[PDB]
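A.B. asks: So I've got this experimental structure, pasted below with the sequence.
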Amino acid sequence: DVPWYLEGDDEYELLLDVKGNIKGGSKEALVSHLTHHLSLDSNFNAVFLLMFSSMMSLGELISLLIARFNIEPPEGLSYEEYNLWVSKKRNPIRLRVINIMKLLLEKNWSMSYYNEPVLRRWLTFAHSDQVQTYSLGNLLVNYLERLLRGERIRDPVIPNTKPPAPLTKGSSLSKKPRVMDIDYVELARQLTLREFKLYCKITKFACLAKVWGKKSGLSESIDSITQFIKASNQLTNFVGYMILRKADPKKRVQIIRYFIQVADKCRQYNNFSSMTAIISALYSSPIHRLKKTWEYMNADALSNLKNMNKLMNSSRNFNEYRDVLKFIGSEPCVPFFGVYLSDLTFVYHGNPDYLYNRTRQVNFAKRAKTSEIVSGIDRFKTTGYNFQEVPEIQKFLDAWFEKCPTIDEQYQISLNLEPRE
């Protein structure tokens with residue numbers, strides 16, 4: 001067994017579940033467990049480093065970590081007992097503390113964490129003789145110095161396969177081209193390229209900042225998300241407006257079937273963001289009420305649209321979508337980002353930030369659930385899409401995405417295009 005002075009620290013302030021896993025604890029207890037000298041929990045360490053700002057500030061974490069590095073022995077130890085305490089507890093704790101700081105800087109750093117007094121205290125710590133005897137001491141100094149002068153401490157892979165030839169040469173399109181002058185497969189490719197580029201800019205920190213808000217402890221910009229949501233709203237506005245610009249119902253039905261084919265080709269490309277944005281416009285009130293136009297729709301196109309709507313049934317928890325996303329793997333994919341947000345929003349509002357309303361009993365299990373959800377967004381940044389970009393179509397989409405009115409404003413256009421009886 002272990003002598004009494006070589007046991008863990010602050011463990012009486014940990015709270016465990018049925019399986020024995022940590023469900024909660026105090027700031028001191030959680031950090032003590034993060035730098036435990038006897039055992040190492042990689043899963044705990046990963047969840048804590050990702051979610052720590054929702055539980056404590058950077059300055060509190062650094063202070064608690066430095067206090068662990070400078071841990072004092074309990075009073076009354078004999079000289080021999082103290083030497084054993086140094087070799088078996090303090091020095092292992094110092095290794096854990098330094099390695100945790102390395103992981104914090106290398107894999108769990110948000111620029112919003114920047115705090116010059118904390119960094120300068122941290123830097124002073126890294127300069128200390130006791131830290132400099134470790135090899136990582138010079139690396140800690142190098143990281144903190146770069147963070148202090150504004151420097152930053154990845155891209156999805158594209159296979160060596162030949163890209164498919166673009167189905168619509170940009171030079172063949174007129175200066176003011178019609179949408180259906182673009183091959184629907186090629187439009188799906190270009191929608192997939194712009195959506196995936198916007199998707200890869202979304203960090204986990206931005207997701208935590210959008211859902212948790214001020215409790216996240218992240219002043220990170222959610223601009224990556226707002227641009228991604230803007231692109232989906234614009235694609236939905238664009239789809240409805242291209243339909244409502246056509247005056248002949250026999251021409252509106254061709255535009256709709258064109259967009260059904262686009263959304264379906266996006267589904268084949270594992271681009272569920274653009275596909276959901278397209279069908280949401282088709283099911284929107286201004287387009288859904290075009291009874292004279294849908295009378296022309298072939299059963300084949302209607303089935304494909306219904307199947308895509310069954311796939312992304314929000315009222316049925318996206319059940320079929322979840323079953324399909326589970327088997328993507330290494331294939332490139334633009335997921336429907338709305339599912340991540342709702343999952344995160346559900347666990348943020350369904351679980352308390354504290355256990356039994358005790359401020360010193362932080363609900364760590366709530367952070368663990370959130371960590372498992374938000375970490376999924378990285379699964380689909382591993383491999384990118386091998387599609388040749390057509391700038392003429394990219395500029396064409398940029399122009400219309402800004403010009404189109406909202407779906408709500410398009411309701412009046414629908415009422416004039418097909419009046420009520």
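C.D. replies: Structure's in. What do you need? Residues are numbered from 1 along each chain as shown.
A.B. asks: report the longest helix in this protein, please.
C.D. replies: The longest helix of the chain (DSSP state H) is helix 223-244.
A.B. asks: What helices and strands are in contact with it?
C.D. replies: In terms of contacts (3 or more CB pairs under 8 Å, 6 or more residues apart in numbering; DSSP states H and E), helix 223-244 is packed against helix 184-200, helix 204-212, helix 249-268, helix 272-282, helix 285-288, helix 337-350, helix 391-403, helix 410-417. Every residue, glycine included, has its C-beta placed from N, CA and C.
A.B. asks: Can I get the ones you listed in JSON lines including distance to residue 295 and mean neighbour count?
C.D. replies: Output for the helices and strands packed on helix 223-244, formatted as JSON lines (distance: least, CB to CB, whole Å; neighbours: other CB atoms under 10 Å):
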{"stretch": "helix 184-200", "distance to residue 295": "22", "mean neighbour count": "22"}
{"stretch": "helix 204-212", "distance to residue 295": "42", "mean neighbour count": "23"}
{"stretch": "helix 249-268", "distance to residue 295": "8", "mean neighbour count": "20"}
{"stretch": "helix 272-282", "distance to residue 295": "15", "mean neighbour count": "26"}
{"stretch": "helix 285-288", "distance to residue 295": "13", "mean neighbour count": "18"}
{"stretch": "helix 337-350", "distance to residue 295": "32", "mean neighbour count": "16"}
{"stretch": "helix 391-403", "distance to residue 295": "27", "mean neighbour count": "15"}
{"stretch": "helix 410-417", "distance to residue 295": "15", "mean neighbour count": "16"}
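A.B. asks: Out of the ones you listed, the one nearest residue 51 is which?
C.D. replies: Ranking the helices and strands packed on helix 223-244 by proximity to residue 51 (CB to CB) places helix 204-212 first, at 7.4 Å.
A.B. asks: which outside residues touch that closest one?
C.D. replies: For helix 204-212, contacts defined as CB atoms under 8 Å, 6 or more residues apart in numbering pick out 50-51, 54, 110, 112, 216, 218-225, 340-341, 344-345, 348, 370, 374-375, 377-378.
A.B. asks: For the helices and strands packed on helix 223-244, give me a markdown table that also has distance to residue 99.
C.D. replies: Below are those laid out as a markdown table (distance: least, CB to CB, whole Å):
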| stretch | distance to residue 99 |
| --- | --- |
| helix 184-200 | 29 |
| helix 204-212 | 21 |
| helix 249-268 | 44 |
| helix 272-282 | 38 |
| helix 285-288 | 56 |
| helix 337-350 | 29 |
| helix 391-403 | 45 |
| helix 410-417 | 56 |
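A.B. asks: Of all those, which one comes closest to residue 126?
C.D. replies: Closest approach to residue 126 among these is made by helix 204-212 (23.7 Å; CB to CB).
A.B. asks: That closest one vs helix 223-244, what angle?
C.D. replies: 70 degrees (axes from the mean of the first three to the mean of the last three CA atoms, to 10 degrees).
A.B. asks: what's the angle from helix 204-212 to helix 337-350?
C.D. replies: Per the same axes, to 10 degrees, the angle that helix 204-212 makes with helix 337-350 is 60 degrees.
A.B. asks: Output helix 204-212 as CSV, nothing but the C-alphas.
C.D. replies: Output of helix 204-212 as CSV, limited to C-alpha atoms (Å, rounded to 0.1, in the frame of the first residue of the first chain):
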residue,chain,number,x,y,z
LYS,A,204,-14.8,24.2,-31.0
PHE,A,205,-14.1,27.4,-29.1
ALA,A,206,-16.6,29.2,-31.3
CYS,A,207,-19.3,26.6,-30.7
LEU,A,208,-18.8,26.8,-26.9
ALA,A,209,-18.9,30.6,-27.2
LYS,A,210,-22.2,30.6,-29.2
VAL,A,211,-24.1,28.0,-27.0
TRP,A,212,-22.7,28.7,-23.5
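A.B. asks: Return the distance of it from the chain's centre.
C.D. replies: With CA atoms, centre = their mean, to the nearest Å as the basis, helix 204-212 stands 8 Å off its chain's centre.
A.B. asks: what's the burial count for residue 38?
C.D. replies: The tally of other residues near residue 38 (other CB atoms under 10 Å) stands at 12.
A.B. asks: ignore the last one, residue 33
C.D. replies: 22.
A.B. asks: Same question for the one 4 residues further on.
C.D. replies: In terms of burial, residue 37 registers 21 neighbours under the definition other CB under 10 Å.
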